[PDB]
């Protein structure tokens, strides 16, 4: 299982703009091996906003299949390029090593 994160440093007060663009049903959630997408807003960022888009996959080749897909070309098409309010964008890959679920389900 892997997580892929896209972390955007954003001009203060503009984080909501990037959140809005992901706050809809899309195509990535129809991809094989997709396990979920979440958008996070970092707390206590003083002079900037920080928005993280993270997707979880059963394996890296499942993510790679999406990035080569047709739907990936449409979802990254009429996007107005990199907006003015994005100061930096970092992508990272993570291996999931341990998962510990609550007792309220176990």
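Residue numbers count along the first chain shown, from 1.
When the C-alpha B-factors of 1-9 and 97-105 are averaged, 97-105 comes out higher. With 79-87 and 14-22 compared on mean CA B-factor from the PDB entry, the stretch scoring higher is 79-87.
Residue set 44, 67, 58, 52: peak C-alpha B-factor at 44 (per PDB entry).
The entry lists C-alpha B-factors for 62, 38, 74, 29, and the highest of these is at 74.
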